[PDB]
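Residue numbers (our numbering), protein chains in the order written: chain A, 1213 to 1411; chain B, 1213 to 1411; chain C, 1213 to 1411; chain D, 1213 to 1411; chain E, 1213 to 1411; chain F, 1213 to 1411.
There are 6 protein chains.
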Amino acid sequence: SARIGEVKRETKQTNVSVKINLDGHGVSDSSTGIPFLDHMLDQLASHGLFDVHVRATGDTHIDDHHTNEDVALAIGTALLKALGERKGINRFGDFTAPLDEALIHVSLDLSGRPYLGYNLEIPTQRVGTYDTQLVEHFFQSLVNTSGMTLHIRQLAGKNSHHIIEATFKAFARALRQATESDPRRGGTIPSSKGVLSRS
Amino acid sequence: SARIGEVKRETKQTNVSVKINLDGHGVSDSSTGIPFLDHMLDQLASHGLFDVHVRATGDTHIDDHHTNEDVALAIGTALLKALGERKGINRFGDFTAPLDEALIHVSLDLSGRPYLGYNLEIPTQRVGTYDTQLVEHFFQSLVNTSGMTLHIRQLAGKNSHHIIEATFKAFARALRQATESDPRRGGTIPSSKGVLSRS
Amino acid sequence: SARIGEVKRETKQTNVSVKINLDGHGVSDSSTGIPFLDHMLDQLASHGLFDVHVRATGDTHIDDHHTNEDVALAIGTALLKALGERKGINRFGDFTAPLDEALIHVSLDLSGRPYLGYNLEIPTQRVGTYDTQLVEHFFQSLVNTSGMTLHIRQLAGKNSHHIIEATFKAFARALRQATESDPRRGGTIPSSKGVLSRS
Amino acid sequence: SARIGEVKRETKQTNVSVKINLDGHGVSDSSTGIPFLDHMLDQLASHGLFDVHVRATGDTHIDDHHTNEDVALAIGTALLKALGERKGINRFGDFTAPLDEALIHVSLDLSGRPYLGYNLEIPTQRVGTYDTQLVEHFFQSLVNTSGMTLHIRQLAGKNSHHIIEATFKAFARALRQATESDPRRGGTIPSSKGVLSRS
Amino acid sequence: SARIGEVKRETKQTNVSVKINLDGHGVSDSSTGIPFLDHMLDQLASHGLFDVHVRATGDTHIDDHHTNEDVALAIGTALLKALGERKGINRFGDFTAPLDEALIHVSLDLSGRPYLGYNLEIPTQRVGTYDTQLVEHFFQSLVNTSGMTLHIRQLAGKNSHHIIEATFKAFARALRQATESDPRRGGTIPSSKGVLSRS
Amino acid sequence: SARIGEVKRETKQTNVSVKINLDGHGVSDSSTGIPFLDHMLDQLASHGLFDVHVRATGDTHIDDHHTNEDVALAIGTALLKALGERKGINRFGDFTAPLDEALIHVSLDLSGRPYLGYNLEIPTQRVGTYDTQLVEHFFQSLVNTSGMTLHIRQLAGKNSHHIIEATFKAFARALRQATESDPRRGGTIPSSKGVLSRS
Ligand SMILES: O=P(O)(O)OC[C@@H](O)[C@@H](O)c1cnc[nH]1
Ligand SMILES: O=P(O)(O)OC[C@@H](O)[C@@H](O)c1cnc[nH]1
Ligand SMILES: O=P(O)(O)OC[C@@H](O)[C@@H](O)c1cnc[nH]1
Ligand SMILES: O=P(O)(O)OC[C@@H](O)[C@@H](O)c1cnc[nH]1
Ligand SMILES: O=P(O)(O)OC[C@@H](O)[C@@H](O)c1cnc[nH]1
Ligand SMILES: O=P(O)(O)OC[C@@H](O)[C@@H](O)c1cnc[nH]1
Ligand SMILES: [Mn+2]
Ligand SMILES: [Mn+2]
Ligand SMILES: [Mn+2]
Ligand SMILES: [Mn+2]
Ligand SMILES: [Mn+2]
Ligand SMILES: [Mn+2]
Ligand SMILES: [Mn+2]
Ligand SMILES: [Mn+2]
Ligand SMILES: [Mn+2]
Ligand SMILES: [Mn+2]
Ligand SMILES: [Mn+2]
Ligand SMILES: [Mn+2]
């Protein structure tokens, strides 16, 4: 009864397949056509202990944007599917993680209501070939399909790779917390209104 | 083949029923337990030509918040249902409407991607018994379930009732435009990527 | 059943005759004794498709003010007469028009309630022999007798003739929109309160 | 030959009846459904010596706005009717009145041309249950149907009830002055252009 | 051996009864005469897993202040009673929780020394009928009788209901953490000075 | 009698072929050697309903500039050819379109007089391999050969791809409007001076 979400999503621009196990062992298996994003998805598996399987192709000759967005949308849907009615879970996650001089605080609530608060200030435009504007878009798209309340707050940082990587580490650990079983909940839905829904 | 969306939504806090006809004749039939919101929903019908049927009850002794939110969520879902695959529609709407000294520009895209840009500055806290913070929440919740890109821009205004009412008038007219048939489209999906989706 | 409004207005200072057809073909026939105003009224006909007949004489040796005002008052009354109960009309108009570097946004509502919002900053005092303060007065007087809510917003412009002319072009197109038949209205009055009135 | 104006005005939102005698003895008889407004209308009678009869009902569960506006519109029309051709009157009124620390200067001209200049800064949002934004709207609507040039200038004041009440006292006295017979006029129209008109 | 604290507290102004189980299952049973406060106390149970029983009556016709204060004082005493010598507990709690755009960080230490650090900026005066100044007073009074060091820090937020609710969610989770058994402590008092005391 | 403009333009630096149908069905067929520009030209077809055929080659090893410019010049000439004497057309177009957080207002007049007003602030230097300075140059060159008055105004936006794409969407819709038949014009030239000319 591991919670597994699977999504296939295709448009004229991109083709995406995602399989995520919330109760994983950190199996990392991401190939998006965007090497830096693959590296970040590896962090999600390694530090979140999610099993993360992603395959994507797309119109990277135009730019990485459509692929990045469509991967994020599909991951969000996969998370939503895996989570189901959200019975017995912690629901909330909260973690601050460094990478050297960078320090990122991530707080999230698996509420069913999409919201992104994001204040990263990434001081360079490209990390490798990866457009650093795409980080915000990745998280925005992911929250929109997952129905997640997500806050990402930059507390320190100078190196762009460090800032983004620390964000994924903190996110992975916050998401792990939120998705894990609350040992006291007794399988009840963790909401005073009796339901958690993306509608 | 009128496009009609119907939603019933209930929680421990509220009970909501919505029926909206996109191809209506402005039939107004809204009773939310929040008189000012009913007045605004009347504008949606009158100026958008939507048929709007809303019934809600809820925990207004705590405050109008949960009712307001839950009505908005249900309306957004009703719009999504009515819109279907979004074939043959204008998709985009754009209108600036006054009410006396107030002037509000609303621009929207039935994109499938939720976003609210909102800059109203409503100078009083209560219009009648209605908490003016709830206007932003109404639109935010509506975009989240409808999969709408929505921008609301205050160009002028001093009277709070005028500001909010002008917003609903402009929104109604922009939404009417966006939902109406594009006479040249020939029933094609109005997107270069071949699909419009909330996922 | 073309909607035609006719006004004769005389005082000790001026003598004015106006005939306007809302359902016209752009017949331009304006002679006010103020050549620049005649040029602007020509734009109203050409871009609004109104048939515009104006004759005025007055005390232009004192200045153009009284004539300009009295022409505007009479035009506003003519519009009010032509509009009648305002059944079946769009009611609202909204257009932004350029003339070269100038760009003017006009938004109006045939509400029955006079209001002018005006922010033009015309950088010279005379266009030909025409006092550029008289532009604001023209629109103010027109809204007062027509029962129009009118907003005029200068978005760009440097040449005074361009600024004023772009204003008349945008106004003409917004007014055309507002006066035209709403194809869905089914002849109903476009107001939730059941009536549109200058009282 | 007392100058009496009577108006009945009804919409889907409100029902209003007004009778005003310009040559009254201060008979106060106002019941609008808005107690604070009734108190202000009492000042109009007491200090203006108008006989003021007002009855209104309306949608106060939405808010007091529509009632307040519609009462003001009807009062303005009643004044216009009572004034007729404005022969033999002072036409202009000018008065500054205090209420304790508050001091309000009101200047008006029964010109036929609506204009409101208003600079009150009322430091609280509610006086009793009365929304203090509605004061400006009351005067704006009244000038629009009466064809009055009206300037209201706050010279001092801290208490909101005092500020608004002093405004009505000053207005009542300015309006009394303007409506009263000029003992030298000899029944002539007090305008160099030979007529005073709302058109 | 569930840790249960019970308090009955009465004055000439209020009557309060509280029963709290630190080792609860989130049983919510709060009726204070202040609906918004009841909603917040529901969050304490739902997210803290405390069993919370509160009954209060009082002089709400004067305002909600005395009731709010006296409920808070009684809850604090109930917590103190339930906690006893504080053997074997985590003692410290730390959590940041969102509600949509709002994000509140709560840190607390069950030290025996009362202190409130509070920086919320709640942008409206009333949530429903609840005076938003009373939030600070609730926490101040609670810390004073419980002997708690409590810091409440607003990281983001615009909607007053969201800000206050997120505060209670974060507080509930921090308090749950602090009151729970430390699995390594071996029942020792978690203080280098050998005792934790409100004196 | 579809309005079709065809241009072949060659220099030592570039070779360009353009065919545009103003009365198209959104046939997209653009290959410029600049993938991002191709994506933008696809928007022109999809949202403008133009049939757009572009082939270009050029000195992209130097940079994309000459190709971008020469494509724009050729498109402008193609539009001019297709438009002819501009009889019976709307002439003016005005639209504000979003893409998520980006919001761009485009206003244009097919006047015969070239002018570009442009205020985009695109926060990154490269979208994919496309130099973001080239957007302004594309529109400037296009207006110069088409004889178009064009204003592009950035109202909101953070993502460079979104800002540029929203610009093309708004432009396409404004241009569609301007080129479409005015149903009332009766085939007259929409100018008070009797002619529209690039000279
Ligand atoms: O839905 P939640 O479990 O976060 O909490 C219940 C209710 O408070 C919540 O729906 C709410 C949303 N906005 C204000 N409150
Ligand atoms: O999906 P749209 O039809 O708004 O346009 C296609 C594609 O450009 C779009 O998916 C996109 C999203 N972000 C950048 N582009
Ligand atoms: O009269 P309108 O049709 O613009 O809308 C009805 C009512 O809302 C309107 O009379 C009003 C005026 N001020 C606030 N509302
Ligand atoms: O109409 P009055 O009586 O205020 O004054 C005559 C004339 O000067 C007046 O109509 C005018 C209006 N604007 C400038 N002057
Ligand atoms: O009492 P605590 O366990 O927080 O720590 C012992 C001692 O350091 C503490 O009493 C103290 C108080 N002020 C400074 N130190
Ligand atoms: O040429 P148009 O149709 O925009 O309008 C006629 C005339 O006003 C115009 O040529 C002009 C140019 N500059 C000022 N006016
Ligand atoms: Mn995107
Ligand atoms: Mn790394
Ligand atoms: Mn909410
Ligand atoms: Mn209203
Ligand atoms: Mn004048
Ligand atoms: Mn000209
Ligand atoms: Mn009003
Ligand atoms: Mn008093
Ligand atoms: Mn106290
Ligand atoms: Mn709540
Ligand atoms: Mn160049
Ligand atoms: Mn794109």
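By construction, the Cβ of each residue, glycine as well, lies at the ideal position given by its N, Cα and C atoms.
Residue i beta carbon near ligand 13 (any heavy atom closer than 6 Å)
i: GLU1313 (chain B); result: no
Proximity test, Cβ basis, 7 Å: residue i and chain E
i: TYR1327 (chain A); result: yes
i: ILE1274 (chain B); result: yes
i: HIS1363 (chain B); result: no
i: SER1242 (chain A); result: no
Under 7 Å by beta carbon: chain F residues contacting residue i
i: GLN1366 (chain A); result: What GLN1366 (chain A) touches in chain F: nothing, since even the nearest Cβ is about 16 Å away.
i: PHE1248 (chain B); result: By Cβ distance, chain F contributes nothing, its closest Cβ being about 28 Å from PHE1248 (chain B), past 7 Å.
Interface flag, residue i vs chain F, CB-CB below 7 Å
i: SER1353 (chain B); result: no
i: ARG1410 (chain B); result: no
Cross-chain neighbours of residue i in chain C, by beta carbon under 8 Å
i: residue 1155 (chain D); result: Because chain D here runs from 1213 to 1411, residue 1155 (chain D) falls outside it and cannot be looked at.
Residue i: CB within 6 Å of a non-hydrogen atom of ligand 14
i: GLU1348 (chain A); result: no
i: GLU1377 (chain D); result: yes
Test: residue i CB closer than 7 Å to a CB of chain C
i: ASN1280 (chain D); result: no
i: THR1269 (chain D); result: no
i: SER1393 (chain B); result: no
i: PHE1304 (chain F); result: yes
Local conformation of residue i per DSSP, three classes
i: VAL1355 (chain B); result: helix
i: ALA1368 (chain C); result: strand
i: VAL1339 (chain B); result: strand
i: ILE1216 (chain E); result: strand
i: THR1361 (chain E); result: strand
Neighbour list for residue i in chain A, Cβ cutoff strictly below 9 Å
i: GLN1255 (chain E); result: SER1404
i: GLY1340 (chain F); result: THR1272, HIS1273, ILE1274, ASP1275, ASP1276, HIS1277 and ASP1343
Partners in chain B for residue i, counting only beta-carbon separations shorter than 8 Å
i: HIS1349 (chain D); result: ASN1371
i: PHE1380 (chain E); result: Within chain B, no residue comes near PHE1380 (chain E); the closest Cβ sits about 13 Å away, beyond 8 Å.
Chain F contact residues for residue i, given Cβ-Cβ distances below 8 Å
i: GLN1337 (chain A); result: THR1336, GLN1337 and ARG1338
i: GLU1313 (chain C); result: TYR1327 and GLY1329
Chain B within 7 Å of residue i, Cβ atoms only
i: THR1308 (chain F); result: yes
i: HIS1251 (chain E); result: yes
Closer than 6 Å: residue i CB and nearest ligand 3 heavy atom
i: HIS1363 (chain F); result: no
Proximity test, Cβ basis, 7 Å: residue i and chain A
i: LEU1261 (chain E); result: yes
i: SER1258 (chain E); result: yes
Residue i: contacting residues in chain D (beta-carbon distance under 7 Å)
i: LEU1285 (chain C); result: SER1411
i: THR1289 (chain C); result: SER1411
Partners in chain A for residue i, counting only beta-carbon separations shorter than 7 Å
i: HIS1237 (chain E); result: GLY1398
i: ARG1385 (chain E); result: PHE1304
Check: residue i C-beta below 6 Å from any heavy atom of ligand 6
i: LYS1405 (chain F); result: yes
C-beta neighbour in chain D for residue i, strict 7 Å
i: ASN1356 (chain C); result: yes
>> Suppose only complete runs of 3+ residues qualify. What are the beta strand (DSSP E) ranges in the segment 1249 to 1331 of chain F, listed by chain order?
In response: 1263 to 1270, 1304 to 1311, 1314 to 1321 and 1327 to 1330
> Could you give the uninterrupted runs of the beta strand (DSSP E) lying entirely in the segment 1218 to 1253 of chain A, keeping only those of 3 residues or more?
Replying inline: You should have 1226 to 1233 and 1240 to 1243.
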